[PDB]
Amino acid sequence: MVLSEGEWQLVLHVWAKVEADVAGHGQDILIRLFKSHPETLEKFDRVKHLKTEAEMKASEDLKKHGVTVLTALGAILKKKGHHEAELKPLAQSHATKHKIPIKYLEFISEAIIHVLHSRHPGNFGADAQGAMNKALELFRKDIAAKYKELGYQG
Ligand code: HEM
């Protein structure tokens, strides 16, 4: 797939608002993920044990994870499709070490869209949501292909 410049602009315009508060958005997104799809929490040996949303909010380790995920995703989106170098190490750890099925990347994509929609309604109308979904589909498609080369296509 290929986004147009206009679609990239919509994506990077709402992302610039996310970056005003990386840790807060990280928290919202992962908590939304873990509430919606509790199986995903099992992948994090560090936060596995957390039982409630209050515990999740209070967790410093969860908030670090969120910042790590969003910073890596931000660097990828800012490449505007030319992200082959950033993807390689990421596809290798998630295929071989963490073992994150593509289905889980779909779930977090849903969580990202949900949280942007709540927090940024004026900058996240239909066309901006369409452009973000396209960017995240592109990301999942390129990851899935690398998974296959690495022997996982999990
Ligand atoms: C937008 C998607 C994602 C991005 C860009 C992302 C990025 C990263 C980065 C940069 C790290 C640390 C370096 C490394 O281990 O490669 C990491 C670690 C990890 N990721 Fe991902 N990730 C994403 C989605 C997921 C999802 C959906 C899950 C699980 C349901 C997941 C589970 C983990 C785990 C278990 C770690 C290691 C945590 C630890 O330090 O103990 N990731 N991720």
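Just follow the structure's listing: the first ligand is 1, and inside any ligand the first atom is 1. Counting from 1, the numbers follow the sequence of the chain as shown. In what follows, every heavy atom counts, from backbone to side chain, and hydrogens, waters and symmetry copies are set aside.
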- Mode of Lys97 contact toward ligand 1 - side chain, backbone, both, neither (heavy atoms, under 4.0 Å): neither
- Between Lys63 (side chain) and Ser59 (backbone), is there a donor-acceptor pair under 3.5 Å? no
- Is it true that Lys78 and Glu19 have a side-chain N and a carboxylate O under 4.0 angstrom from each other? yes
- Query: Okay, side chain of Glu55, backbone of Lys51: is any donor-acceptor separation there less than 3.5 Å?
  - Reply: yes
- Message: Taking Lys134 first and then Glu137, would you say they form a salt bridge - that is, a charged N and a carboxylate O separated by under 4.0 Å?
- Response: no
- Query: Short list, please: which atoms of ligand 1 are under 4.0 Å from a heavy atom of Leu90?
  - Reply: 7 (C), 8 (C)
- Message: Taking 2.8 Å as the cut-off, does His98 contribute an N, O or S atom near atom 21 (Fe) of ligand 1, distance below it?
- Response: no
- Task: Give the atoms of ligand 1, by number and element, whose distance to some non-hydrogen atom of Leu105 is under 4.0 Å.
- Result: 24 (C), 27 (C)
- Atom indices of ligand 1 within 4.0 angstrom of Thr68 heavy atoms, with elements: 9 (C), 10 (C), 11 (C), 12 (C)
- Message: Closer than 4.0 Å and a protein heavy atom, does any atom meet both conditions relative to atom 19 (C) of ligand 1?
- Response: yes
- With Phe44 as reference, evaluate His65, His49, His98 under the ring-ring contact (aromatic ring centres under 6.0 Å, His included) test and give the passing residue. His65
- Item | Heavy atom of the protein closest to atom 39 (C) of ligand 1 (residue, atom name, distance) | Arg46 NH2, 3.0 Å
- Task: Classify the angle between the aromatic ring planes of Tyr152 and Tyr147 as parallel (below 30°), tilted (30 to 60°) or perpendicular (above 60°).
- Result: perpendicular
- Task: Show which atoms of ligand 1 fall inside a sub-4.0 Å distance from at least one heavy-atom site of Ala72.
- Result: 10 (C)
